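> Test case, fold it:
(one chain, ligands or ions: 1)
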Amino acid sequence: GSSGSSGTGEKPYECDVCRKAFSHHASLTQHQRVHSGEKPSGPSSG
Ligand SMILES: [Zn+2]
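Numbers count the residues shown, from 1 in each chain. I have put the structure below:
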């Protein structure tokens, strides 16, 4: 039965940088900001 588990996952959304946990999906795509990440320059806001 379910006895031994390597905590595969505790949340549907986890940051692949700091391994954070959020309740909502967006909260994740938004937080990622704090991190630079490997992405090219996009359409600046304004
Ligand atoms: Zn993070």
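
> separation between the residue nearest in space to the middle of the chain and the ion?
Most central in the chain under Cα atoms, centre = their mean is residue 15, positioned 2.6 Å from the mean C-alpha point. Residue 15 sits 3 Å away from the ion, going by Cβ to the ion, to the nearest Å. (C-beta placed from N, C-alpha, C; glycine too.)

> which parts of this structure sit against the ion?
The interface of the chain toward the ion, taken as Cβ under 5 Å from the ion, is made up of 15, 17-18, 20.

> List only buried entries from these.
Buried residues within those, counting neighbours by 16 or more other Cβ atoms under 10 Å: none.

> Closest one of these to residue 29?
residue 15 (10.2 Å; Cβ to Cβ).

> quick one, what contacts the closest one?
22, 28, 31-32, 35 (Cβ atoms under 8 Å, 6 or more residues apart in numbering).

> if I look at the residue nearest to the centre of the chain, how far off is residue 45?
23 Å (Cβ to Cβ, to the nearest Å).

> same question, residue 30
14 Å.

> of the two, who's got more company?
residue 30 (11 against 4; other Cβ atoms under 10 Å).

> That one should be in a helix, yeah?
Yes: applying DSSP: H, G, I helix; E, B strand; the rest coil, one finds residue 30 inside a helix.

> Let's have the contacts of residue 15 in JSON lines, adding neighbour count.
As requested, the contacts of residue 15 are exported to JSON lines (neighbours: other Cβ atoms under 10 Å):
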{"residue": "22", "neighbour count": "16"}
{"residue": "28", "neighbour count": "18"}
{"residue": "31", "neighbour count": "15"}
{"residue": "32", "neighbour count": "16"}
{"residue": "35", "neighbour count": "11"}
